[PDB]
Structures are given as structure tokens and as C-alpha cells.
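Below sits a lone chain in C-alpha cells, taken as the form deposited in one PDB entry.
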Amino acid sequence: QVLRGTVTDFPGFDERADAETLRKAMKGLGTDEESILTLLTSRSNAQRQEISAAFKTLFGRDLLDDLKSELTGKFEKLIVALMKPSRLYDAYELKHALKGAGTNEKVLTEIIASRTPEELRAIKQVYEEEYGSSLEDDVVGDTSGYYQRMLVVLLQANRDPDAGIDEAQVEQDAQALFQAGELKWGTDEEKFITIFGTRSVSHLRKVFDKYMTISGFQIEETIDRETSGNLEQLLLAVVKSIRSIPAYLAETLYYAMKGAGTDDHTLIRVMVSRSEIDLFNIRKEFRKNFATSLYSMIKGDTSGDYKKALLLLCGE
């Protein structure tokens, strides 16, 4: 399918002109957040990096340090995130879910399950450069059990490529998965980890069909998203990503705003990271699955300059 983002290079871009607009906006008493916000959400990530350089050439000041001393709250978290160069974002997000006591298993599952092999290679590469330690050793050092192993398997970015679809292997995997599901994924974990983690995307889709034409239940129906289980949360995220990455991220966003509070960190992470990849496709899945639009949900769930920036990122 064709992936379309909501943010694209801004025509007639001038990094010096933009460097100055931002300077006048930060300069002196009071800040013009309305100006920063509108400027930053209509320039691609590559352009924001160019604005930063020109800002440094013209004033000898660091644009980001400035935005941080001037901005505050979720609006700042959102601006700081947009500034992060595209290639460094998932790696940064991953270093901070692992870093320190505990682990944000949520981010680890979300990024590793929804990212393609090419994306994971580049992430593994950029991560070691930036942080010195390899992603795989930090994951292995923070996670455990079959959760760790499944994450490590996916981290190898070695899913079979899509080619000849043997129906003998398909039915064999469907049966296996069926029986592992009936056992609530608590037995023979080794066998299913290999199927979910190394089988080609087109293969696993036939497996998901067959599996249901064996049980009458979609494979996800054998797992409760709401409840615990790191390994199950991962199996759920993988299944959904194998079906549709936008749909999976379309839902991750939904559950970020659905409830008593708002998971602004997820809301910010998915909005920013996918803005130039498939945020558009994500918007289309959100509407068709949740009967409402992302725009309209973000508008009612967030407030202020923060809300305005998300809405401009969202687009229509």
C-alpha cells in the first residue's frame, strides 16, 4: 500500500527567514508560542534541522536550548520531539524506556513490533552510534523471560521475505498457533515465538485466516489487551502490525485518549514519529474503526497551544 504522512516539505522554505521569525518570537519578554507552533508544524523535519543550523549561523545560539528555556509543559515536550531528527527519534524513545530502574515495556513493544526490518536496522545502527551500547544488550539487560526472547527475535530484523506461500506450512502453523492459543500462550512458547517472529508478513496473514477458520475466533480474541502479560501484549502488537501498522498505531492513539486521563507521551510519540510516514493512513483507520476522527478526539482530549500543535500535525 501507499503510505502518506501529514507533514511535507514546505514550498518556498527559507531557513534564514524562519530562523529570524523564531528569534523574534523567543526574544525578550513574553513568547510568541502561536508563531513557533505554526512555523514548526508546517516545515518538515529536514527543514527544522536546516532552520536550526541557520539560527546558529545568524545568532550563535542553539535553537533547541532556547525553545526549552522558553517553552514549558506538554507543549515543550511536543516541540522538543518535533526537533529531534527523524532518524534519531525511535532510538531516543527506546533509550529512555530502557534507561533507569524499571522499563517502559509499552514503548519497547510498540516500537519494536510496529517497525519494519529496514527501520529496525537503521534504529539499531543509529542507537549504537548515539549511545555506545547496542540496543540488543540494553533490551536483554532490562527485559526477561519469553518477553525478552521475542523482542530479541524481532530485533534481528530477519523476517522471511514474501515469496512462495506454501499452504502445507501455513496450515501447520495455524494448527500450532491454535493449540498454543487454547493453552493461553503458556506452553511451547518457543514454537510460537519462531512463527510470529520469523514468518513473512503475507504468510502470517493466511495463518491468521486459517486459524480463525479453525476456531471461529480471530487470533487476537485469545488475548485480553486490557490485562497483563508483557509477552501477550507483544503477541497482540505483532498480530496487529502484521495485519496493518496504521491500524495498530490508530488504536494505540485511541487508547491513549480513551479513559480518565491522557497518555500524552504516547500521543506525542505516535503523532510526531509517524507524521511523515503514515499518519494519514493512521487517520483513515482511526475513523473507520472508532467511528470518529483523530482530529476531533484530540481537540476534545487536549488543551491549549499543545492542542493546536497536535491539530496542525493531524491536519484535517
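Shifts are known only where both forms have a C-alpha. Take the two forms, find the largest set of C-alpha atoms that superpose within 1.5 Å, and that set is the rigid core. In case it trips you up, residue 1 is the first one in the sequence shown, and so on.
Enquirer: Given the B-factors recorded for C-alpha atoms, which segment has the greater mean, 34-42 or 285-293?
Expert: It is 285-293.
Enquirer: For the higher mean C-alpha B factor in the entry, choose 232-240 or 201-209.
Expert: It is 201-209 that shows the higher mean C-alpha B-factor.
Enquirer: Which is it among 119, 138, 90, 224: the one with the largest CA B-factor in the entry?
Expert: By C-alpha B-factor in the record, 224 ranks first.
Enquirer: Between 85, 102, 145, 246, which one tops the list for Cα B-factor in this entry?
Expert: Top of the list by C-alpha B-factor: 102.
Enquirer: If you rank the chain by CA B-factor, which third does residue 133 end up in: lowest, middle or highest?
Expert: Tercile = highest for this residue's CA B-factor.
Enquirer: Looking at the temperature factor on the CA atom of residue 253, which third of the chain's modelled residues does it land in?
Expert: Ranked within chain, residue 253 CA B lands in the middle tercile.
Enquirer: Is the Cα B-factor recorded for residue 110 in the lowest, middle or highest third of its chain?
Expert: CA B-factor rank for residue 110: lowest third.
Enquirer: Looking at the temperature factor on the CA atom of residue 15, which third of the chain's modelled residues does it land in?
Expert: Middle third, going by the recorded CA B-factors of the chain.
Enquirer: C-alpha B factor of residue 191, ranked within the chain: lowest, middle or highest third?
Expert: It belongs to the middle third of the chain when residues are ordered by C-alpha B-factor.
Keep in mind the form deposited in another entry is missing from the figure; the text below concerns it.
Enquirer: Select from 72, 227, 144, 158 the only position whose Cα moves 2 Å or more between the shown form and the other one when the core is aligned.
Expert: Flagged residue: 227.
Enquirer: Superposing on the rigid core, does the Cα of residue 183 end up 2 Å or more away between the shown form and the other one?
Expert: Yes: residue 183 shifts by at least 2 Å between the shown form and the other one.
Enquirer: So with the core overlaid, does the Cα of residue 215 end up 2 Å or more away between the shown form and the other one?
Expert: Yes, because once the rigid core is superposed, the C-alpha of residue 215 moves 2 Å or more between the shown form and the other one.
Enquirer: How does the CA gap of residue 225 and residue 170 change in the other form versus this form, closer or farther, if it moves 3 angstroms or more?
Expert: Nearer in the other form, by 3 Å or more.
Enquirer: Check residue 227 against residue 254 at the C-alpha atoms and report closer or farther in the other form, compared with the shown form; the change is 3 Å or more.
Expert: Relative to the displayed form, residue 227 and residue 254 move farther apart in the other form - a change of at least 3 Å between their C-alphas.
Enquirer: Tell me, which consecutive runs of three or more residues change place between the shown form and the other one by 2 Å or more at the CA, with the core overlaid?
Expert: Core-superposed, displaced stretches are 178-181, 183-186, 215-217, 221-228, 259-261.
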